[PDB]
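A.B. asks: Structure below; questions to follow.
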Amino acid sequence: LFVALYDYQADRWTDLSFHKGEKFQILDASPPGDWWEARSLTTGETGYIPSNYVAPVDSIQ
Amino acid sequence: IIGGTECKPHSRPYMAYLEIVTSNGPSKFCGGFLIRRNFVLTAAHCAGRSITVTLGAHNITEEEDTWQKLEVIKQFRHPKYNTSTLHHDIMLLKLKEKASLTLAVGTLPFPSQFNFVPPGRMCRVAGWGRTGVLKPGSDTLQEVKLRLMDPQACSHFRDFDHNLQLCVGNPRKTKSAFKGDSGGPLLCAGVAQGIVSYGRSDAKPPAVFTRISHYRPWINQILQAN
Ligand SMILES: [Zn+2]
């Protein structure tokens with residue numbers, strides 16, 4: 001489980017938009033690149049998110 | 001598909017509808033195309049845990065006696081695929097059994113000779129993807145004719161490479177591939193030359209398609225071997 005540290009608006013249609021605090025389950029992080037495929041626990045949509053915008057839920061205060 | 005028309009039912013019998021099951025929640029959906037009886041070509045970003053392919057469909061919400069549903073048993077995602085660039089957004093899927101050839105289910109094999117397609121050609125793409133930014137996916141298979149642009153029309157996209165990618169869709173029109181059309185083929189004069197990869201969240205064309213000619217060695221490799 002991961003949490004959005006900041007808001008993000010997608011520029012590519014493969015990517016999710018999200019708001020600070022939204023939670024995700026990571027589906028794929030294997031390929032090189034700054035993006036992980038994730039599923040929003042709020043919306044149920046799947047797409048890429050920037051890995052640096054999120055942190056494990058237990059790695060925040 | 002935005003701004004497209006409904007396909008004549010079963011008129012593109014190679015078209016594959018992919019359900020990609022990732023875990024306990026809504027699936028993801030992509031297109032693809034049957035290039036050999038037990039091989040479907042699609043986009044790398046449609047990869048996942050398990051994939052069911054539906055062949056022979058037109059309206060995908062209504063089961064039909066033309067349907068052949070086949071499990072994917074092996075995923076060959078391009079080894080150089082990268083999520084920052086989305087370069088090499090191409091993947092072959094080996095199916096559990098060979099599809100049976102029927103009116104509704106047929107392959108689209110490549111011609112012997114690949115060639116580099118320049119800007120200016122009008123090509124056709126098909127899919128069950130969203131028909132607009134706020135629209136759901138299409139229940140029926142749609143297609144649209146799109147102009148290949150000079151790669152300068154796609155310079156706003158990160159590391160767009162003319163050698164690896166087609167720049168697809170006249171920006172002065174709304175016609176375009178969109179979410180859910182991922183992995184579907186772009187046919188030029190009836191030959192698969194592109195794979196739907198990505199474009200703008202706001203759906204403003206052009207969009208980016210994998211340039212199949214660049215991958216002709218790799219595809220031929222995997223097939224001649226599996
Ligand atoms: Zn039918």
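Ordering of the structure tokens sets the chain letters (A, B, ...), residue numbers begin anew at 1 in every chain, and ligands are numbered from 1 in the order given.
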Write out as a list in words every residue belonging to chain B that has an atom at most 9 Å from any atom of chain A, counting only C-alpha atoms.

C.D. replies: residues 22, 23, 25, 26, 27, 28, 45, 47, 48, 49, 79, 80, 81, 82, 83, 84, 85, 86, 178, 179, 182, 197, 198, 199, 200, 201, 202 and 203 of chain B

A.B. asks: Just write the chosen residues, C-alpha atoms, as a short mmCIF file (atom, residue, chain, number, x, y, z; two decimals), in the first residue's frame.

C.D. replies:
```cif
data_model
loop_
_atom_site.label_atom_id
_atom_site.label_comp_id
_atom_site.auth_asym_id
_atom_site.auth_seq_id
_atom_site.Cartn_x
_atom_site.Cartn_y
_atom_site.Cartn_z
CA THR B 22 -4.25 -7.56 -11.87
CA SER B 23 -5.85 -8.40 -8.50
CA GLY B 25 -10.70 -4.86 -8.03
CA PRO B 26 -11.63 -3.58 -11.54
CA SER B 27 -9.59 -5.10 -14.42
CA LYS B 28 -7.78 -3.21 -17.11
CA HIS B 45 1.76 -1.30 -20.93
CA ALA B 47 0.99 -6.37 -19.29
CA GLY B 48 -0.37 -7.98 -16.13
CA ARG B 49 -0.85 -11.05 -13.91
CA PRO B 79 13.01 -6.10 -22.88
CA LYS B 80 13.84 -2.39 -23.40
CA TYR B 81 10.37 -1.12 -22.47
CA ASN B 82 10.61 1.94 -20.23
CA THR B 83 7.80 3.85 -18.48
CA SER B 84 9.35 7.36 -18.60
CA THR B 85 9.74 7.32 -22.37
CA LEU B 86 7.24 4.56 -23.17
CA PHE B 178 -7.74 7.02 -26.85
CA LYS B 179 -7.78 5.16 -23.48
CA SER B 182 -3.96 0.61 -26.31
CA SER B 197 0.70 3.42 -27.31
CA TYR B 198 -0.24 6.73 -25.66
CA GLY B 199 -1.30 10.34 -26.10
CA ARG B 200 -2.54 13.35 -24.21
CA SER B 201 -4.86 12.92 -21.22
CA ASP B 202 -7.04 15.63 -22.83
CA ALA B 203 -7.20 13.60 -26.08
#
```

A.B. asks: Please identify every polymer residue within 10 Å of ligand 1, using only C-alpha atoms and all ligand atoms, and present the set as a list in words.

C.D. replies: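 Residues satisfying the distance criterion: residues 8, 9, 10, 11, 56, 57, 58, 59, 62, 63, 64, 65, 66, 67, 103 and 104 of chain B.
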
A.B. asks: When DSSP is applied to the backbone of this structure, which of chain B are assigned alpha helix (DSSP H)? Write them out as a list in words.

C.D. replies: residues 216, 217, 218, 219, 220, 221, 222 and 223 of chain B

A.B. asks: Generate the output file for the selected residues, N, CA and C atoms, as a PDB file, in the first residue's frame.

C.D. replies:
```pdb
ATOM      1  N   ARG B 216      10.363  -5.338 -36.415  1.00  0.00           N
ATOM      2  CA  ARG B 216      10.131  -6.514 -37.268  1.00  0.00           C
ATOM      3  C   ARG B 216      11.098  -7.656 -36.977  1.00  0.00           C
ATOM      4  N   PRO B 217      12.409  -7.351 -36.749  1.00  0.00           N
ATOM      5  CA  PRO B 217      13.374  -8.358 -36.265  1.00  0.00           C
ATOM      6  C   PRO B 217      12.969  -9.045 -34.968  1.00  0.00           C
ATOM      7  N   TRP B 218      12.652  -8.262 -33.942  1.00  0.00           N
ATOM      8  CA  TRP B 218      12.268  -8.804 -32.630  1.00  0.00           C
ATOM      9  C   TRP B 218      10.993  -9.681 -32.688  1.00  0.00           C
ATOM     10  N   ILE B 219       9.950  -9.194 -33.362  1.00  0.00           N
ATOM     11  CA  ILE B 219       8.724  -9.968 -33.546  1.00  0.00           C
ATOM     12  C   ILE B 219       9.051 -11.297 -34.239  1.00  0.00           C
ATOM     13  N   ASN B 220       9.720 -11.212 -35.392  1.00  0.00           N
ATOM     14  CA  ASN B 220      10.102 -12.413 -36.156  1.00  0.00           C
ATOM     15  C   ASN B 220      10.904 -13.395 -35.320  1.00  0.00           C
ATOM     16  N   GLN B 221      11.838 -12.856 -34.534  1.00  0.00           N
ATOM     17  CA  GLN B 221      12.588 -13.601 -33.530  1.00  0.00           C
ATOM     18  C   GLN B 221      11.677 -14.447 -32.643  1.00  0.00           C
ATOM     19  N   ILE B 222      10.852 -13.792 -31.820  1.00  0.00           N
ATOM     20  CA  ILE B 222       9.946 -14.472 -30.869  1.00  0.00           C
ATOM     21  C   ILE B 222       9.022 -15.541 -31.510  1.00  0.00           C
ATOM     22  N   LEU B 223       8.472 -15.258 -32.691  1.00  0.00           N
ATOM     23  CA  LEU B 223       7.579 -16.205 -33.385  1.00  0.00           C
ATOM     24  C   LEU B 223       8.349 -17.423 -33.922  1.00  0.00           C
TER      25      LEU B 223
END
```

A.B. asks: Pick out the residues sitting within 7 Å of residue 196 (chain B), and hand them over as an NGL selection string; count only C-alpha atoms, and ignore anything fewer than 2 positions along from it in its own chain.

C.D. replies: :B and (181-185 or 194 or 198 or 208-210)

A.B. asks: Can you write out the residues you just picked, keeping N, CA, C and O atoms, as a compact mmCIF listing (two decimals), in the first residue's frame?

C.D. replies:
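Produced file result_19.txt, reproduced below:
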```
# COMPACT_ATOMS: atom_id res chain seq x y z
N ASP B 181 -7.89 1.87 -26.27
CA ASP B 181 -7.46 1.44 -27.62
C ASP B 181 -6.01 0.92 -27.65
O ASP B 181 -5.57 0.34 -28.65
N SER B 182 -5.29 1.20 -26.57
CA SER B 182 -3.96 0.61 -26.31
C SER B 182 -3.80 -0.76 -26.92
O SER B 182 -4.65 -1.64 -26.71
N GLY B 183 -2.72 -0.93 -27.66
CA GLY B 183 -2.36 -2.24 -28.20
C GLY B 183 -3.03 -2.57 -29.51
O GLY B 183 -2.66 -3.57 -30.13
N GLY B 184 -4.01 -1.76 -29.93
CA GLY B 184 -4.72 -2.01 -31.19
C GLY B 184 -3.83 -1.65 -32.39
O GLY B 184 -2.91 -0.87 -32.26
N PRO B 185 -4.09 -2.25 -33.57
CA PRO B 185 -3.22 -2.02 -34.73
C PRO B 185 -3.62 -0.77 -35.52
O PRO B 185 -4.80 -0.41 -35.57
N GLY B 194 1.48 0.24 -37.03
CA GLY B 194 1.55 0.89 -35.71
C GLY B 194 0.79 0.13 -34.64
O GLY B 194 -0.09 -0.68 -34.94
N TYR B 198 0.30 5.74 -26.59
CA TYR B 198 -0.24 6.73 -25.66
C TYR B 198 -0.46 8.07 -26.34
O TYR B 198 -0.07 8.26 -27.49
N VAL B 208 0.72 8.81 -30.01
CA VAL B 208 1.97 8.10 -30.29
C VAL B 208 1.68 6.63 -30.45
O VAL B 208 1.01 6.04 -29.60
N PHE B 209 2.18 6.04 -31.53
CA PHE B 209 1.99 4.63 -31.80
C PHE B 209 3.38 4.05 -31.96
O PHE B 209 4.28 4.73 -32.47
N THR B 210 3.54 2.80 -31.54
CA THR B 210 4.77 2.09 -31.77
C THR B 210 4.93 1.87 -33.27
O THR B 210 3.97 1.49 -33.95
```

A.B. asks: List every residue of chain A that DSSP, applied to the backbone of this structure, assigns to strand (DSSP E), and report them as a PyMOL selection string.

C.D. replies: chain A and resi 2-4+23-28+35-40+46-50+54-56

A.B. asks: I need the chosen residues saved as an mmCIF file, in the first residue's frame, with N, CA, C and O atoms.

C.D. replies:
```
data_model
loop_
_atom_site.group_PDB
_atom_site.id
_atom_site.type_symbol
_atom_site.label_atom_id
_atom_site.label_comp_id
_atom_site.auth_asym_id
_atom_site.auth_seq_id
_atom_site.Cartn_x
_atom_site.Cartn_y
_atom_site.Cartn_z
ATOM 1 N N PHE A 2 0.395 2.264 -0.783
ATOM 2 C CA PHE A 2 1.105 3.538 -0.943
ATOM 3 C C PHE A 2 0.165 4.730 -0.817
ATOM 4 O O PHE A 2 -1.047 4.589 -0.985
ATOM 5 N N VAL A 3 0.740 5.895 -0.519
ATOM 6 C CA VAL A 3 -0.016 7.120 -0.366
ATOM 7 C C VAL A 3 0.584 8.238 -1.200
ATOM 8 O O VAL A 3 1.810 8.377 -1.278
ATOM 9 N N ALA A 4 -0.295 9.018 -1.834
ATOM 10 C CA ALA A 4 0.089 10.224 -2.548
ATOM 11 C C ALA A 4 0.593 11.292 -1.583
ATOM 12 O O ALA A 4 -0.122 11.701 -0.661
ATOM 13 N N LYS A 23 -4.846 6.780 -1.739
ATOM 14 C CA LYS A 23 -4.077 5.542 -1.557
ATOM 15 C C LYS A 23 -4.036 4.669 -2.813
ATOM 16 O O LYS A 23 -4.998 4.648 -3.599
ATOM 17 N N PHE A 24 -2.926 3.944 -2.985
ATOM 18 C CA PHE A 24 -2.755 3.035 -4.117
ATOM 19 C C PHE A 24 -2.246 1.637 -3.755
ATOM 20 O O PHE A 24 -1.535 1.455 -2.766
ATOM 21 N N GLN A 25 -2.594 0.654 -4.580
ATOM 22 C CA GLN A 25 -1.916 -0.642 -4.575
ATOM 23 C C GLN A 25 -1.043 -0.706 -5.833
ATOM 24 O O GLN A 25 -1.522 -0.437 -6.945
ATOM 25 N N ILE A 26 0.238 -1.029 -5.668
ATOM 26 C CA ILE A 26 1.164 -1.081 -6.807
ATOM 27 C C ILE A 26 1.042 -2.404 -7.562
ATOM 28 O O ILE A 26 1.078 -3.475 -6.959
ATOM 29 N N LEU A 27 0.887 -2.331 -8.881
ATOM 30 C CA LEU A 27 0.676 -3.533 -9.683
ATOM 31 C C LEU A 27 1.924 -3.965 -10.421
ATOM 32 O O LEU A 27 2.132 -5.159 -10.657
ATOM 33 N N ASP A 28 2.752 -3.001 -10.800
ATOM 34 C CA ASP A 28 3.962 -3.311 -11.529
ATOM 35 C C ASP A 28 4.977 -2.181 -11.427
ATOM 36 O O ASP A 28 4.677 -1.025 -11.725
ATOM 37 N N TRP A 35 7.973 5.604 -13.330
ATOM 38 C CA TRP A 35 6.523 5.395 -13.152
ATOM 39 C C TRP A 35 6.209 3.963 -12.802
ATOM 40 O O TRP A 35 6.774 3.035 -13.385
ATOM 41 N N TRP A 36 5.293 3.787 -11.861
ATOM 42 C CA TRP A 36 4.794 2.476 -11.500
ATOM 43 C C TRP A 36 3.328 2.368 -11.898
ATOM 44 O O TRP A 36 2.566 3.325 -11.714
ATOM 45 N N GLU A 37 2.928 1.206 -12.410
ATOM 46 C CA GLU A 37 1.496 0.947 -12.622
ATOM 47 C C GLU A 37 0.801 0.667 -11.295
ATOM 48 O O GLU A 37 1.206 -0.224 -10.561
ATOM 49 N N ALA A 38 -0.276 1.402 -11.025
ATOM 50 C CA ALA A 38 -0.971 1.349 -9.757
ATOM 51 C C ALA A 38 -2.488 1.339 -9.926
ATOM 52 O O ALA A 38 -3.011 1.729 -10.972
ATOM 53 N N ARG A 39 -3.182 0.943 -8.866
ATOM 54 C CA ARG A 39 -4.631 1.037 -8.811
ATOM 55 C C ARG A 39 -5.063 1.917 -7.643
ATOM 56 O O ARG A 39 -4.657 1.681 -6.504
ATOM 57 N N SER A 40 -5.852 2.952 -7.929
ATOM 58 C CA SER A 40 -6.326 3.859 -6.894
ATOM 59 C C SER A 40 -7.365 3.145 -6.048
ATOM 60 O O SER A 40 -8.279 2.516 -6.585
ATOM 61 N N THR A 46 -6.820 2.048 -12.882
ATOM 62 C CA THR A 46 -5.441 1.569 -12.982
ATOM 63 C C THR A 46 -4.699 2.447 -13.972
ATOM 64 O O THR A 46 -5.237 2.798 -15.011
ATOM 65 N N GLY A 47 -3.459 2.807 -13.663
ATOM 66 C CA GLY A 47 -2.641 3.541 -14.593
ATOM 67 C C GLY A 47 -1.283 3.770 -13.969
ATOM 68 O O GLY A 47 -1.047 3.332 -12.845
ATOM 69 N N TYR A 48 -0.412 4.479 -14.690
ATOM 70 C CA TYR A 48 0.911 4.832 -14.183
ATOM 71 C C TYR A 48 0.826 6.010 -13.237
ATOM 72 O O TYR A 48 0.008 6.910 -13.415
ATOM 73 N N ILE A 49 1.682 5.980 -12.217
ATOM 74 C CA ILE A 49 1.841 7.109 -11.318
ATOM 75 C C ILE A 49 3.353 7.326 -11.153
ATOM 76 O O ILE A 49 4.139 6.372 -11.259
ATOM 77 N N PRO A 50 3.762 8.573 -10.911
ATOM 78 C CA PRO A 50 5.179 8.847 -10.615
ATOM 79 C C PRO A 50 5.602 8.261 -9.252
ATOM 80 O O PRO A 50 5.013 8.609 -8.234
ATOM 81 N N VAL A 54 4.698 9.114 -4.293
ATOM 82 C CA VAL A 54 4.070 8.227 -3.329
ATOM 83 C C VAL A 54 5.101 7.664 -2.338
ATOM 84 O O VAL A 54 6.308 7.724 -2.584
ATOM 85 N N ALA A 55 4.610 7.140 -1.216
ATOM 86 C CA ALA A 55 5.443 6.494 -0.206
ATOM 87 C C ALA A 55 4.634 5.355 0.411
ATOM 88 O O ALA A 55 3.408 5.434 0.434
ATOM 89 N N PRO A 56 5.304 4.284 0.898
ATOM 90 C CA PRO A 56 4.548 3.244 1.607
ATOM 91 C C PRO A 56 3.726 3.890 2.713
ATOM 92 O O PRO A 56 4.188 4.859 3.322
#
```

A.B. asks: To one decimal place in Å, what is the distance between CA of residue 171 (chain B) and CA of residue 204 (chain B)?

C.D. replies: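 Going from CA of residue 171 (chain B) over to CA of residue 204 (chain B) covers 6.7 Å.
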
A.B. asks: When distances are computed from only C-alpha atoms, which of B:17, B:180, B:159, B:70 shows the smallest separation from residue 129 (chain B)?

C.D. replies: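 Once distances to residue 129 (chain B) are computed over only C-alpha atoms, the minimum belongs to B:180.
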
A.B. asks: Just to confirm, what's the straight-line distance from CA of residue 5 (chain A) to CA of residue 21 (chain A) in Å (one decimal)?

C.D. replies: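 Atom-to-atom, CA of residue 5 (chain A) to CA of residue 21 (chain A), that is 6.3 Å.
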
A.B. asks: Could you pull the residues within 10 Å of residue 191 (chain B), counting only C-alpha atoms, minus those fewer than 5 positions along the same chain, as a list in words?

C.D. replies: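 The filter keeps residues 108, 109, 110, 111, 114, 123, 124, 185 and 186 of chain B.
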
A.B. asks: Region 135-144 of chain B: which residues within 6 Å, counting only C-alpha atoms, same-chain residues fewer than 6 positions away excluded, as a compact mmCIF listing (two decimals) with N, CA and C atoms, in the first residue's frame?

C.D. replies:
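File written: around-v9.txt
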```txt
# COMPACT_ATOMS: atom_id res chain seq x y z
N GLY B 4 -14.70 8.17 -34.40
CA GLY B 4 -14.70 7.07 -35.36
C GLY B 4 -16.09 6.60 -35.73
N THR B 5 -16.15 5.50 -36.46
CA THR B 5 -17.43 4.91 -36.87
C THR B 5 -17.46 3.47 -36.38
N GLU B 6 -18.66 2.91 -36.25
CA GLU B 6 -18.80 1.52 -35.88
C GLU B 6 -18.28 0.64 -37.01
N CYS B 7 -17.47 -0.36 -36.67
CA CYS B 7 -16.94 -1.25 -37.69
C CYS B 7 -18.09 -2.09 -38.23
N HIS B 58 -17.82 -8.39 -31.77
CA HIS B 58 -18.16 -7.06 -32.26
C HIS B 58 -18.69 -6.20 -31.10
N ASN B 59 -19.92 -6.49 -30.64
CA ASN B 59 -20.37 -5.97 -29.36
C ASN B 59 -19.82 -6.85 -28.22
N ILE B 60 -18.92 -6.28 -27.44
CA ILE B 60 -18.18 -7.01 -26.44
C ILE B 60 -19.01 -7.25 -25.16
N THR B 61 -20.16 -6.58 -25.03
CA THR B 61 -21.04 -6.75 -23.87
C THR B 61 -22.04 -7.88 -24.09
N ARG B 124 -5.67 3.46 -40.66
CA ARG B 124 -6.90 3.17 -39.91
C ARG B 124 -6.58 2.37 -38.63
N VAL B 125 -7.18 2.79 -37.53
CA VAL B 125 -7.03 2.08 -36.23
C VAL B 125 -8.39 1.66 -35.69
N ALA B 126 -8.47 0.49 -35.06
CA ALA B 126 -9.73 0.00 -34.50
C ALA B 126 -9.65 -0.30 -32.98
N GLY B 127 -10.78 -0.22 -32.28
CA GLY B 127 -10.79 -0.49 -30.84
C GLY B 127 -12.11 -0.34 -30.10
N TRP B 128 -12.13 -0.88 -28.89
CA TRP B 128 -13.24 -0.72 -27.96
C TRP B 128 -13.02 0.39 -26.91
N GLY B 129 -12.06 1.28 -27.14
CA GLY B 129 -11.66 2.29 -26.16
C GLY B 129 -12.71 3.38 -25.97
```

A.B. asks: Mind pulling up the distance from CA of residue 214 (chain B) to CA of residue 93 (chain B)?

C.D. replies: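 Going from CA of residue 93 (chain B) over to CA of residue 214 (chain B), I get 18.7 Å.
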
A.B. asks: With only C-alpha atoms as the counted atoms, please give the residues lying no more than 9 Å from residue 164 (chain B), apart from itself and same-chain residues fewer than 4 positions off, as a ChimeraX atom specification.

C.D. replies: /B:87-88,160,209-215

A.B. asks: Which residue out of A:1, A:42, A:52, A:57 has the minimum interatomic distance to residue 19 (chain A) when only C-alpha atoms are used?

C.D. replies: A:42

A.B. asks: Show which residues sit within 6 Å of residue 43 (chain B), as a list in words. Count only C-alpha atoms, and ignore same-chain residues fewer than 4 positions away.

C.D. replies: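 Here the qualifying residues turn out to be residues 89, 90, 91 and 183 of chain B.
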